[PDB]
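Source file: final.txt; contents: compact mmCIF, C-alpha atoms and all ligand atoms.
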# COMPACT_ATOMS: atom_id res chain seq x y z
CA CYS P 5 -134.96 95.16 -35.03
CA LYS P 6 -134.38 92.58 -37.76
CA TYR P 7 -132.46 90.31 -35.33
CA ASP P 8 -133.71 88.97 -31.98
CA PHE P 9 -130.15 89.12 -30.61
CA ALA P 10 -129.50 92.78 -31.57
CA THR P 11 -130.84 96.17 -30.55
CA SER P 12 -129.77 98.15 -33.64
CA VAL P 13 -128.42 97.49 -37.11
CA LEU P 14 -125.56 99.91 -37.70
CA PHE P 15 -124.38 98.91 -41.21
CA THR P 16 -126.05 96.52 -43.60
CA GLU P 17 -124.07 94.31 -45.95
CA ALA P 18 -125.07 96.67 -48.79
CA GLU P 19 -123.92 99.83 -46.98
CA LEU P 20 -120.56 98.21 -46.20
CA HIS P 21 -120.10 97.09 -49.80
CA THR P 22 -120.93 100.61 -51.03
CA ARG P 23 -118.35 102.08 -48.64
CA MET P 24 -115.82 99.42 -49.66
CA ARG P 25 -116.18 100.35 -53.33
CA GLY P 26 -115.37 103.93 -52.36
CA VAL P 27 -112.30 102.74 -50.46
CA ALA P 28 -111.25 100.47 -53.34
CA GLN P 29 -111.21 103.42 -55.74
CA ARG P 30 -108.90 105.31 -53.37
CA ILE P 31 -106.64 102.26 -53.02
CA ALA P 32 -106.62 101.82 -56.82
CA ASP P 33 -105.60 105.46 -57.27
CA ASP P 34 -103.05 105.36 -54.45
CA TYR P 35 -101.27 102.30 -55.82
CA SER P 36 -101.59 103.20 -59.52
CA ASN P 37 -97.97 104.41 -59.53
CA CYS P 38 -96.69 101.05 -58.17
CA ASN P 39 -97.15 98.88 -61.34
CA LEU P 40 -98.93 96.12 -59.45
CA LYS P 41 -99.37 92.93 -61.45
CA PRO P 42 -100.50 89.38 -60.69
CA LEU P 43 -97.60 87.00 -59.97
CA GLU P 44 -94.91 89.61 -60.64
CA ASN P 45 -95.99 92.29 -58.18
CA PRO P 46 -99.32 91.81 -56.34
CA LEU P 47 -100.48 93.90 -53.41
CA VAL P 48 -99.89 91.62 -50.40
CA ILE P 49 -103.04 91.48 -48.26
CA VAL P 50 -102.24 90.46 -44.70
CA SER P 51 -105.49 89.34 -43.08
CA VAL P 52 -105.66 89.23 -39.27
CA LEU P 53 -107.64 86.14 -38.19
CA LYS P 54 -110.23 85.25 -37.22
CA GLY P 55 -112.76 87.99 -37.71
CA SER P 56 -111.18 89.64 -40.74
CA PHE P 57 -111.88 86.65 -43.03
CA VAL P 58 -115.27 87.92 -44.22
CA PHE P 59 -114.07 91.48 -44.90
CA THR P 60 -110.96 90.10 -46.60
CA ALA P 61 -112.97 87.82 -48.89
CA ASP P 62 -115.27 90.68 -49.91
CA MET P 63 -112.55 93.32 -50.17
CA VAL P 64 -110.10 91.41 -52.37
CA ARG P 65 -112.91 90.71 -54.80
CA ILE P 66 -113.83 94.39 -54.87
CA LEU P 67 -110.14 95.34 -55.20
CA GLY P 68 -109.95 92.99 -58.20
CA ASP P 69 -112.93 94.77 -59.81
CA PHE P 70 -110.93 98.00 -59.52
CA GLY P 71 -107.80 96.52 -61.05
CA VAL P 72 -105.80 95.93 -57.86
CA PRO P 73 -104.34 92.40 -57.99
CA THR P 74 -103.65 90.79 -54.63
CA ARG P 75 -102.02 87.87 -52.84
CA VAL P 76 -103.33 86.97 -49.36
CA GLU P 77 -101.56 85.91 -46.18
CA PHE P 78 -103.16 85.13 -42.82
CA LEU P 79 -101.89 86.15 -39.37
CA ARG P 80 -103.46 85.00 -36.11
CA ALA P 81 -104.50 87.83 -33.77
CA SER P 82 -104.12 85.51 -30.76
CA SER P 83 -100.35 85.50 -31.39
CA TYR P 84 -100.46 89.30 -30.91
CA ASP P 103 -91.83 86.98 -47.61
CA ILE P 104 -93.03 90.56 -47.84
CA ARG P 105 -89.50 91.98 -48.27
CA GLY P 106 -89.70 94.68 -50.90
CA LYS P 107 -93.44 94.19 -51.52
CA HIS P 108 -96.34 96.53 -50.91
CA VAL P 109 -98.38 95.32 -47.93
CA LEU P 110 -101.92 96.21 -46.91
CA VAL P 111 -102.99 94.87 -43.52
CA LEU P 112 -106.71 94.19 -43.16
CA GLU P 113 -108.50 94.05 -39.79
CA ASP P 114 -112.22 93.72 -39.14
CA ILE P 115 -112.21 96.19 -36.23
CA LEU P 116 -109.73 98.68 -34.82
CA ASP P 117 -110.37 99.67 -31.19
CA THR P 118 -107.49 100.07 -28.71
CA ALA P 119 -105.10 99.73 -31.70
CA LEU P 120 -102.86 97.44 -29.62
CA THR P 121 -103.24 94.60 -32.15
CA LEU P 122 -102.50 96.55 -35.32
CA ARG P 123 -99.63 98.47 -33.71
CA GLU P 124 -97.93 95.16 -32.96
CA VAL P 125 -98.80 93.58 -36.33
CA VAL P 126 -97.49 96.56 -38.30
CA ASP P 127 -94.33 96.80 -36.19
CA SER P 128 -93.73 93.08 -36.69
CA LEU P 129 -94.14 93.26 -40.47
CA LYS P 130 -91.95 96.38 -40.74
CA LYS P 131 -89.05 94.20 -39.58
CA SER P 132 -89.22 92.35 -42.91
CA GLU P 133 -88.65 95.59 -44.87
CA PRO P 134 -91.73 95.71 -47.14
CA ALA P 135 -91.71 98.37 -49.82
CA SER P 136 -94.60 100.01 -47.97
CA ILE P 137 -97.18 99.07 -45.39
CA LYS P 138 -100.67 100.47 -44.85
CA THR P 139 -103.73 99.35 -42.92
CA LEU P 140 -107.36 98.99 -44.01
CA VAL P 141 -110.08 98.32 -41.44
CA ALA P 142 -113.77 97.61 -41.92
CA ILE P 143 -114.82 99.15 -38.58
CA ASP P 144 -112.87 101.82 -36.72
CA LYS P 145 -113.82 102.66 -33.16
CA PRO P 146 -111.98 106.00 -32.95
CA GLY P 147 -113.08 106.52 -29.34
CA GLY P 148 -111.50 103.26 -28.21
CA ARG P 149 -107.78 104.01 -28.49
CA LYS P 150 -105.26 103.16 -25.82
CA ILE P 151 -102.47 104.43 -28.10
CA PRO P 152 -102.49 106.91 -30.97
CA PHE P 153 -103.07 105.11 -34.26
CA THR P 154 -104.67 106.07 -37.59
CA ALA P 155 -105.57 103.51 -40.27
CA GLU P 156 -104.87 104.71 -43.81
CA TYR P 157 -108.25 103.35 -44.98
CA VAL P 158 -111.45 103.02 -42.93
CA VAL P 159 -114.72 101.61 -44.26
CA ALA P 160 -116.92 102.80 -41.38
CA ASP P 161 -116.72 104.39 -37.91
CA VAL P 162 -118.76 103.14 -34.97
CA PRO P 163 -119.13 104.65 -31.48
CA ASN P 164 -117.94 102.87 -28.31
CA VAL P 165 -120.59 100.13 -28.43
CA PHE P 166 -120.14 96.36 -28.73
CA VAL P 167 -120.97 95.04 -32.21
CA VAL P 168 -121.11 91.64 -33.90
CA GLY P 169 -121.53 90.59 -37.50
CA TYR P 170 -119.52 90.85 -40.73
CA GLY P 171 -116.86 88.62 -39.14
CA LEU P 172 -117.06 90.11 -35.61
CA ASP P 173 -117.99 87.59 -32.88
CA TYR P 174 -119.35 87.32 -29.43
CA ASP P 175 -117.50 84.31 -27.93
CA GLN P 176 -116.94 82.87 -31.43
CA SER P 177 -120.62 83.12 -32.48
CA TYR P 178 -122.44 85.67 -34.72
CA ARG P 179 -119.54 86.20 -37.18
CA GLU P 180 -121.87 85.00 -39.97
CA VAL P 181 -124.43 87.78 -39.41
CA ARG P 182 -124.44 89.74 -42.64
CA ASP P 183 -124.76 93.18 -40.99
CA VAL P 184 -122.86 94.96 -38.23
CA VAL P 185 -125.30 95.16 -35.32
CA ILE P 186 -125.20 96.15 -31.66
CA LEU P 187 -125.35 93.01 -29.52
CA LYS P 188 -128.36 92.96 -27.21
CA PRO P 189 -127.17 92.97 -23.57
CA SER P 190 -129.31 90.01 -22.48
CA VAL P 191 -127.25 87.85 -24.88
CA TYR P 192 -123.99 88.27 -23.00
CA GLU P 193 -125.69 88.56 -19.60
CA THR P 194 -127.43 85.22 -20.24
CA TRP P 195 -124.30 83.57 -21.64
CA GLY P 196 -121.93 85.06 -19.06
CA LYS P 197 -124.11 83.61 -16.31
CA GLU P 198 -124.13 80.22 -18.02
CA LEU P 199 -120.33 80.25 -18.32
CA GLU P 200 -120.02 81.18 -14.63
CA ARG P 201 -122.59 78.50 -13.74
CA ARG P 202 -120.59 75.91 -15.69
CA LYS P 203 -117.40 76.99 -13.91
CA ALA P 204 -118.97 76.36 -10.49
CA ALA P 205 -120.43 73.03 -11.69
CA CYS J 5 -114.43 85.19 -72.33
CA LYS J 6 -114.53 88.16 -69.96
CA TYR J 7 -111.02 87.74 -68.50
CA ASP J 8 -107.72 88.37 -70.31
CA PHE J 9 -106.08 85.51 -68.40
CA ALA J 10 -108.75 82.80 -68.75
CA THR J 11 -109.87 80.54 -71.57
CA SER J 12 -113.38 80.10 -70.18
CA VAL J 13 -115.57 80.78 -67.17
CA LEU J 14 -116.83 77.56 -65.59
CA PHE J 15 -118.94 78.87 -62.68
CA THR J 16 -119.88 82.49 -62.15
CA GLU J 17 -120.23 83.93 -58.67
CA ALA J 18 -124.01 83.95 -59.12
CA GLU J 19 -124.08 80.31 -60.21
CA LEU J 20 -121.87 79.28 -57.28
CA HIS J 21 -124.13 81.16 -54.87
CA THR J 22 -127.21 79.50 -56.34
CA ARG J 23 -125.65 76.06 -55.86
CA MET J 24 -124.53 76.99 -52.34
CA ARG J 25 -128.10 77.88 -51.40
CA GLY J 26 -129.14 74.43 -52.55
CA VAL J 27 -126.39 72.85 -50.46
CA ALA J 28 -127.24 75.05 -47.46
CA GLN J 29 -130.84 73.81 -47.57
CA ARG J 30 -129.61 70.20 -47.43
CA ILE J 31 -127.24 71.09 -44.58
CA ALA J 32 -130.05 72.82 -42.69
CA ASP J 33 -132.25 69.74 -43.17
CA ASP J 34 -129.47 67.30 -42.28
CA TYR J 35 -128.57 69.11 -39.02
CA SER J 36 -132.12 69.99 -37.95
CA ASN J 37 -132.15 67.02 -35.54
CA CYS J 38 -128.97 68.28 -33.78
CA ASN J 39 -130.51 71.34 -32.00
CA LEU J 40 -127.76 73.72 -33.10
CA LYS J 41 -127.70 77.08 -31.30
CA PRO J 42 -125.33 80.06 -31.17
CA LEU J 43 -122.88 79.91 -28.21
CA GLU J 44 -124.33 76.70 -26.75
CA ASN J 45 -124.06 74.40 -29.79
CA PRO J 46 -122.83 75.94 -33.05
CA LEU J 47 -121.81 73.92 -36.03
CA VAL J 48 -118.01 74.13 -36.05
CA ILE J 49 -116.72 75.21 -39.48
CA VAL J 50 -113.11 74.18 -40.00
CA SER J 51 -111.78 76.17 -42.96
CA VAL J 52 -108.66 74.86 -44.68
CA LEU J 53 -106.38 77.78 -45.56
CA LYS J 54 -105.60 79.47 -47.73
CA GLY J 55 -107.96 79.11 -50.64
CA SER J 56 -111.10 78.20 -48.70
CA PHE J 57 -111.45 81.66 -47.07
CA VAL J 58 -113.67 83.08 -49.83
CA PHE J 59 -115.96 80.03 -49.97
CA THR J 60 -116.05 79.99 -46.15
CA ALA J 61 -116.99 83.68 -45.86
CA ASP J 62 -119.82 83.24 -48.37
CA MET J 63 -120.98 79.88 -47.11
CA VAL J 64 -121.30 80.76 -43.39
CA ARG J 65 -123.43 83.77 -44.34
CA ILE J 66 -125.70 81.58 -46.48
CA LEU J 67 -125.89 78.96 -43.72
CA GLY J 68 -126.92 81.73 -41.33
CA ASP J 69 -129.76 82.71 -43.69
CA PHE J 70 -130.95 79.08 -43.45
CA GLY J 71 -130.86 79.08 -39.64
CA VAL J 72 -127.59 77.17 -39.22
CA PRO J 73 -125.44 78.96 -36.61
CA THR J 74 -121.70 78.45 -36.94
CA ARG J 75 -118.33 79.19 -35.42
CA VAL J 76 -115.18 79.16 -37.54
CA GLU J 77 -111.72 77.71 -37.05
CA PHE J 78 -108.88 77.95 -39.55
CA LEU J 79 -106.48 75.10 -40.33
CA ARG J 80 -103.39 75.49 -42.47
CA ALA J 81 -103.08 73.12 -45.44
CA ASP J 103 -112.54 72.63 -28.26
CA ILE J 104 -114.30 70.40 -30.81
CA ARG J 105 -114.80 67.35 -28.58
CA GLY J 106 -118.45 66.36 -28.76
CA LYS J 107 -119.38 69.08 -31.28
CA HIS J 108 -120.53 68.73 -34.87
CA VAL J 109 -117.77 69.67 -37.34
CA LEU J 110 -118.08 70.59 -41.02
CA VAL J 111 -114.76 70.85 -42.88
CA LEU J 112 -114.75 73.30 -45.78
CA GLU J 113 -112.24 73.11 -48.65
CA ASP J 114 -112.25 75.14 -51.86
CA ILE J 115 -111.10 72.19 -53.99
CA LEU J 116 -110.86 68.42 -53.52
CA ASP J 117 -108.61 66.56 -55.95
CA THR J 118 -106.26 63.78 -54.83
CA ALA J 119 -108.15 63.89 -51.44
CA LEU J 120 -104.84 63.66 -49.55
CA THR J 121 -105.40 66.99 -47.78
CA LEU J 122 -108.92 66.27 -46.56
CA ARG J 123 -108.03 62.69 -45.60
CA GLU J 124 -105.30 63.99 -43.31
CA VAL J 125 -107.44 66.87 -41.95
CA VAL J 126 -110.46 64.65 -41.21
CA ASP J 127 -108.34 61.94 -39.60
CA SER J 128 -106.54 64.41 -37.35
CA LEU J 129 -109.82 66.05 -36.24
CA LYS J 130 -111.36 62.61 -35.58
CA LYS J 131 -108.74 62.14 -32.85
CA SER J 132 -110.47 64.90 -30.85
CA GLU J 133 -113.75 62.92 -30.86
CA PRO J 134 -116.20 65.42 -32.41
CA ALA J 135 -119.85 64.44 -32.26
CA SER J 136 -119.75 64.11 -36.06
CA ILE J 137 -117.51 65.24 -38.90
CA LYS J 138 -118.53 65.88 -42.53
CA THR J 139 -116.94 67.69 -45.46
CA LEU J 140 -118.16 70.41 -47.81
CA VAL J 141 -116.13 71.42 -50.86
CA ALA J 142 -116.71 74.14 -53.42
CA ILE J 143 -115.04 72.25 -56.29
CA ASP J 144 -114.64 68.47 -56.49
CA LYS J 145 -112.34 66.96 -59.12
CA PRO J 146 -113.62 63.37 -58.83
CA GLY J 147 -111.17 62.06 -61.42
CA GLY J 148 -108.12 63.22 -59.52
CA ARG J 149 -108.31 60.85 -56.53
CA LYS J 150 -105.20 59.15 -55.22
CA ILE J 151 -107.22 57.49 -52.42
CA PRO J 152 -110.98 56.86 -52.26
CA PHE J 153 -112.82 59.81 -50.73
CA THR J 154 -116.36 61.15 -51.02
CA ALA J 155 -117.31 64.57 -49.68
CA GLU J 156 -120.74 64.78 -48.07
CA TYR J 157 -121.53 68.06 -49.86
CA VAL J 158 -120.17 69.33 -53.19
CA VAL J 159 -121.07 72.67 -54.73
CA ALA J 160 -119.75 71.90 -58.22
CA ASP J 161 -117.75 69.26 -60.13
CA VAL J 162 -114.78 70.04 -62.40
CA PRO J 163 -113.05 67.65 -64.86
CA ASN J 164 -109.29 67.39 -65.54
CA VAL J 165 -108.61 71.14 -65.91
CA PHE J 166 -106.66 73.69 -63.85
CA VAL J 167 -108.92 76.39 -62.44
CA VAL J 168 -108.42 79.60 -60.46
CA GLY J 169 -110.76 82.07 -58.81
CA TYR J 170 -113.20 81.97 -55.89
CA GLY J 171 -110.23 81.48 -53.56
CA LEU J 172 -108.25 79.16 -55.86
CA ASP J 173 -104.80 80.45 -56.85
CA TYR J 174 -102.04 80.10 -59.35
CA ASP J 175 -98.79 80.70 -57.43
CA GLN J 176 -100.81 82.78 -54.91
CA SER J 177 -102.43 85.10 -57.52
CA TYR J 178 -106.00 85.07 -58.96
CA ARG J 179 -107.72 84.02 -55.71
CA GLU J 180 -109.74 87.27 -55.96
CA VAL J 181 -111.35 86.42 -59.31
CA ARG J 182 -115.08 86.26 -58.59
CA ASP J 183 -115.69 83.27 -60.89
CA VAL J 184 -114.11 79.85 -61.23
CA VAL J 185 -112.20 80.02 -64.51
CA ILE J 186 -109.77 77.94 -66.52
CA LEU J 187 -106.42 79.74 -66.56
CA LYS J 188 -105.02 80.44 -70.03
CA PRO J 189 -101.97 78.19 -70.63
CA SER J 190 -99.84 81.17 -71.71
CA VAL J 191 -100.22 82.53 -68.15
CA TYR J 192 -98.43 79.65 -66.46
CA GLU J 193 -96.21 79.03 -69.46
CA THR J 194 -94.73 82.53 -69.29
CA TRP J 195 -94.62 82.58 -65.48
CA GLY J 196 -92.99 79.15 -65.33
CA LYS J 197 -90.40 80.37 -67.82
CA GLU J 198 -89.98 83.56 -65.77
CA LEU J 199 -89.17 81.56 -62.64
CA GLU J 200 -85.75 80.89 -64.21
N1 LIG P 301 -116.95 91.32 -31.77
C1 LIG P 301 -116.38 92.57 -31.34
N2 LIG P 301 -114.98 92.61 -30.97
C2 LIG P 301 -114.38 93.88 -30.54
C3 LIG P 301 -115.14 95.04 -30.48
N3 LIG P 301 -114.32 96.01 -30.05
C4 LIG P 301 -113.12 95.47 -29.85
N4 LIG P 301 -113.15 94.18 -30.14
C5 LIG P 301 -112.06 93.21 -30.08
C6 LIG P 301 -111.27 93.21 -31.40
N5 LIG P 301 -109.90 92.72 -31.26
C7 LIG P 301 -109.02 93.77 -30.72
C8 LIG P 301 -108.80 94.95 -31.67
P1 LIG P 301 -107.74 96.23 -30.83
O1 LIG P 301 -107.53 97.47 -31.70
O2 LIG P 301 -108.43 96.67 -29.57
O3 LIG P 301 -106.40 95.58 -30.52
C9 LIG P 301 -109.42 92.21 -32.54
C10 LIG P 301 -110.25 91.01 -33.02
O4 LIG P 301 -110.27 89.99 -32.04
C11 LIG P 301 -109.68 88.78 -32.44
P2 LIG P 301 -110.93 87.78 -33.41
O5 LIG P 301 -111.05 88.43 -34.78
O6 LIG P 301 -112.27 87.75 -32.72
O7 LIG P 301 -110.42 86.35 -33.56
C12 LIG P 301 -116.61 95.01 -30.87
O8 LIG P 301 -117.27 96.00 -30.83
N6 LIG P 301 -117.18 93.77 -31.29
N1 LIG P 302 -105.84 76.62 -57.97
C1 LIG P 302 -106.02 75.22 -58.18
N2 LIG P 302 -105.45 74.25 -57.24
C2 LIG P 302 -105.66 72.82 -57.47
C3 LIG P 302 -106.38 72.39 -58.57
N3 LIG P 302 -106.40 71.05 -58.51
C4 LIG P 302 -105.72 70.67 -57.45
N4 LIG P 302 -105.26 71.73 -56.79
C5 LIG P 302 -104.47 71.70 -55.56
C6 LIG P 302 -105.29 72.21 -54.39
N5 LIG P 302 -105.23 71.47 -53.13
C7 LIG P 302 -104.91 70.06 -53.14
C8 LIG P 302 -106.23 69.41 -52.77
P1 LIG P 302 -106.00 67.59 -52.65
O1 LIG P 302 -107.35 66.90 -52.55
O2 LIG P 302 -105.28 67.18 -53.91
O3 LIG P 302 -105.18 67.28 -51.40
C9 LIG P 302 -104.72 72.17 -51.98
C10 LIG P 302 -105.03 73.66 -52.08
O4 LIG P 302 -103.78 74.29 -52.06
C11 LIG P 302 -103.49 74.86 -50.82
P2 LIG P 302 -103.98 76.66 -50.96
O5 LIG P 302 -105.47 76.76 -50.71
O6 LIG P 302 -103.65 77.14 -52.37
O7 LIG P 302 -103.22 77.44 -49.88
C12 LIG P 302 -106.96 73.40 -59.55
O8 LIG P 302 -107.59 73.07 -60.50
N6 LIG P 302 -106.77 74.79 -59.31
MG MG P 303 -109.46 90.02 -36.31
MG MG P 304 -113.54 88.46 -31.25
MG MG P 305 -107.51 75.55 -49.61
MG MG P 306 -103.04 76.65 -54.39
For the file at hand, write its structure as structure tokens.
Ligand SMILES: Nc1nc2c(ncn2CCN(/C=C/P(=O)(O)O)CCOCP(=O)(O)O)c(=O)[nH]1
Ligand SMILES: Nc1nc2c(ncn2CCN(/C=C/P(=O)(O)O)CCOCP(=O)(O)O)c(=O)[nH]1
Ligand SMILES: [Mg+2]
Ligand SMILES: [Mg+2]
Ligand SMILES: [Mg+2]
Ligand SMILES: [Mg+2]
Amino acid sequence: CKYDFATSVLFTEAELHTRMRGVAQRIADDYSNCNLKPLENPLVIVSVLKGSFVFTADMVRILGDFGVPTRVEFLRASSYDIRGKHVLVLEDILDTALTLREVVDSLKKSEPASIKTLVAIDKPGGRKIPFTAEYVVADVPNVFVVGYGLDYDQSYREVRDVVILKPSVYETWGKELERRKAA
Amino acid sequence: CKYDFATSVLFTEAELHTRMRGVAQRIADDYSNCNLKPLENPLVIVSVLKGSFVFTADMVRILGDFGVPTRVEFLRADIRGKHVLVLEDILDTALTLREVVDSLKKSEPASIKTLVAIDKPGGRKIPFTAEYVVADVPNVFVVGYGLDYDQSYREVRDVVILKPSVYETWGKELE
């Protein structure tokens, strides 16, 4: 494997970008009837921190290529003026769906014109409640991944690819954390 | 010029990335003596929202290519004993970074330095020098690469000078 800390690369940066261009064309078509414009009427991108920052940076630039002007806002996942605006919530990963369920419900209170979700990685086998994202860049099985914004204990977000974390990484670290707690 | 809304393109995405690779090599060299490691001792990247999110996304990936492991925190415009690098898309009067740096310094990081995408050295209202600067801009209003005009145009891939008619008409529209 390309990375000492991973056992498999699931999606390279290039694969993700290719899939994101496909998604951006769908978004561009779906919102074509909305007369989106910079300043007057942008698509409001609501980015769920921390991990979504990389996906958000890449996706708004690709959305711009496809003619979809945006305005970004940032929400903190640890905590979990769109009235009359179209809103697209962006999450790095969707797993139990508990986070996005709450984020969407919260935003709905402010009466946006519409609200949809776009996720880079969907783990469809991880749900604790029924939830479907309108737009999904890639599906992964129930394995633990890092990269493209996704962390293990705040590290590895900067890895360019989505990779399966090698178990000795969290076994080693977990022991060190537990050793520090007893010392 | 490629963009309807811009008078000229100052720095293309490719030119910014080329400069960022140069800066990342200096950062890798400057922090080599710190024994940075994922989990145990990452370089703490403090990203000043909102506009720095694009620069931060690109820059942490480049730093990773150069062997500099990071963790990110976001500040809106657990660090004791850690090295901190503050990232800002643009530095002008320096009043934002002065306040950010001084507030972080109260948590006693091991060190604190600043990295900005765009420095406007002629805009200072207090003296301030960033340790790393990707590019310099003179007395012009730019958008793109995270930088906005009234929250739009952050998604433009290049740093561009906004056409005056854009903010003339919008300013008039905000009646
Ligand atoms: N790095 C990583 N994180 C994973 C994974 N699966 C769930 N998570 C936790 C993601 N979290 C829960 C999503 P859910 O739909 O279950 O509410 C959201 C992101 O966590 C907050 P942050 O972006 O790390 O600051 C994974 O495979 N890799
Ligand atoms: N888009 C754009 N913004 C500019 C420019 N010059 C100063 N600014 C103000 C940006 N900043 C002031 C930096 P200072 O050192 O003066 O404290 C703050 C950035 O604005 C906050 P946000 O990123 O837009 O949420 C410019 O040329 N283009
Ligand atoms: Mg997240
Ligand atoms: Mg996480
Ligand atoms: Mg900023
Ligand atoms: Mg601004």
Review point. Within 10 Å of ligand MG 304 (chain P), counting only C-alpha atoms and all ligand atoms, which protein or nucleic acid residues do you find, written as a list in words?
Key: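 Listing the residues within 10 Å of ligand MG 304 (chain P) gives residues 53, 54, 55, 56, 81, 82, 114, 115, 167, 168, 171, 172, 173, 174, 175, 176, 177, 178 and 179 of chain P.
Counting only C-alpha atoms, every residue of chain P that comes within 8 Å of chain J is listed here: residues 42, 43, 46, 54, 57, 58, 61, 62, 64, 65, 68, 73, 74, 75, 76, 77, 78, 175, 176, 177, 178, 179, 180, 181, 182 and 195 of chain P.
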query: To one decimal place, how far is atom CA of residue P:113 from atom CA of residue P:45 in Å?
result: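 We find that atom CA of residue P:113 and atom CA of residue P:45 lie 22.3 Å from each other.
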Of P:117, P:169, P:10, P:131, the one nearest to residue P:150 when counting all atoms listed in the file is P:117
Assuming 6 Å of padding per side, give the centre and edge lengths of the axis-aligned box around every listed atom of stretch 136-147 of chain J, in Å to one decimal and as AutoDock Vina command-line options.
--center_x -115.5 --center_y 68.1 --center_z -48.7 --size_x 20.6 --size_y 24.1 --size_z 37.4
**Local residues around (-115.9, 100.5, -36.0), at most 6 Å away, using all atoms listed in the file, as a ChimeraX atom specification** = /P:115,143-145,160-162
Selection file, C-alpha atoms, as a short mmCIF file (atom, residue, chain, number, x, y, z; two decimals), in the frame of the given file:
data_model
loop_
_atom_site.label_atom_id
_atom_site.label_comp_id
_atom_site.auth_asym_id
_atom_site.auth_seq_id
_atom_site.Cartn_x
_atom_site.Cartn_y
_atom_site.Cartn_z
CA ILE P 115 -112.21 96.19 -36.23
CA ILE P 143 -114.82 99.15 -38.58
CA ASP P 144 -112.87 101.82 -36.72
CA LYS P 145 -113.82 102.66 -33.16
CA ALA P 160 -116.92 102.80 -41.38
CA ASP P 161 -116.72 104.39 -37.91
CA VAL P 162 -118.76 103.14 -34.97
#
Produce as a compact mmCIF listing (two decimals) with C-alpha atoms, in the coordinates of the input the set of residues near ligand LIG 302 (chain P), where near means within 6 Å with all atoms listed in the file considered.
# COMPACT_ATOMS: atom_id res chain seq x y z
CA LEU J 53 -106.38 77.78 -45.56
CA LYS J 54 -105.60 79.47 -47.73
CA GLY J 55 -107.96 79.11 -50.64
CA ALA J 81 -103.08 73.12 -45.44
CA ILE J 115 -111.10 72.19 -53.99
CA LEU J 116 -110.86 68.42 -53.52
CA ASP J 117 -108.61 66.56 -55.95
CA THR J 118 -106.26 63.78 -54.83
CA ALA J 119 -108.15 63.89 -51.44
CA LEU J 120 -104.84 63.66 -49.55
CA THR J 121 -105.40 66.99 -47.78
CA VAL J 165 -108.61 71.14 -65.91
CA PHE J 166 -106.66 73.69 -63.85
CA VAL J 167 -108.92 76.39 -62.44
CA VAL J 168 -108.42 79.60 -60.46
CA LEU J 172 -108.25 79.16 -55.86
CA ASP J 173 -104.80 80.45 -56.85
CA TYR J 174 -102.04 80.10 -59.35
Across P:104, P:187, P:151, P:142, the smallest distance to residue P:128, with all atoms listed in the file counted, is shown by P:104
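Between atom CA of residue J:136 and atom CA of residue J:107 the interatomic distance comes to 6.9 Å.
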